[PDB]
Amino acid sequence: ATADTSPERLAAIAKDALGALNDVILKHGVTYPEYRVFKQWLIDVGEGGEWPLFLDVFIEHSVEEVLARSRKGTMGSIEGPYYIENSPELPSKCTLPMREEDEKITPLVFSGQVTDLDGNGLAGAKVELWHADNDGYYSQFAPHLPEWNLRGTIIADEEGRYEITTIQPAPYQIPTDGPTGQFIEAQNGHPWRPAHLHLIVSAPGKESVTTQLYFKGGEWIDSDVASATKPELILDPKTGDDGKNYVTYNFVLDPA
């Protein structure tokens, strides 16, 4: 991973980041035993492979908020730690790979269109979808699951349209057996994210969107630990007489 960032810009960034932390230490009169604890915790985070976790939960939202200012299309949200490139392709109407366990869950039938800013539909458009099972696990991050469980790259039709069936997602708890969970327990916080779908939406000559969709009335939307929920990204699915949840959502892409 490489970035074009000047010595100048890094210097200014570092200056107020360090300045900022240092001022927090001065403000609260952080002590030597606390500095000790903070230092051990930083070590434990890395030793626990939790940098992607801690940073995406606690910091990434700021980074998207930056990106957000330059974009007129569908609201984005954080990627999170669990995205895997090249999930196998599916046709514009499809059902996500899933186990027999998953088939037991209320289906969710997610329809819509990928359009440009003027509302025109786009051919060659892809919706990469991923989310957790009802147990709270993500495939390839849980050894029991098939590697593409609840993951696919949906090939939208010539109109930019898709109809994707999956399971209704459930509120999800971040891992709490390690230093991120410790950091949350020590301050009486909670480790919950709302029920969500993760998506990256793309089309030839367009700027992709990495986003998340949430469910109206769902638990923790007002208190997402990752601070990644936006009012515009909340779905209101209607129940069918087949008992499936139905919802239509359109994506609106900026030009690249």
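Rigid core here is just the name for the largest C-alpha set that superposes within 1.5 Å across the two forms. The first residue of the sequence shown is number 1, and the count goes up from there.
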Rigid core fitted first, then name the stretch among 169-177 and 124-132 whose C-alphas deviate most from the displayed form in 8 other deposited structures of this protein.
169-177
Given the B-factors recorded for C-alpha atoms, which segment has the greater mean, 75-83 or 133-141?
133-141
Ranked by mean Cα B-factor in the entry, 145-153 and 112-120, top stretch is 112-120
When the CA B-factors of 47, 56, 64, 222 are compared as recorded in the entry, which is the largest?
222
Per the PDB entry, which option out of 28, 69, 36, 216 has the greatest Cα B factor?
69
Report the third (lowest, middle or highest) to which the CA temperature factor of residue 179 belongs, ranking only the modelled residues of the same chain.
lowest
Taking the C-alpha B-factors as the PDB entry records them, is residue 94 in the lowest, middle or highest third of its chain?
middle
Can you tell me which third, lowest, middle or highest, the CA B-factor of residue 164 falls into for its chain?
middle
Quick one: classify residue 189 as lowest, middle or highest third of the chain based on its Cα B-factor.
middle
Cα B factor band for residue 170 (lowest, middle or highest third within the chain):
middle
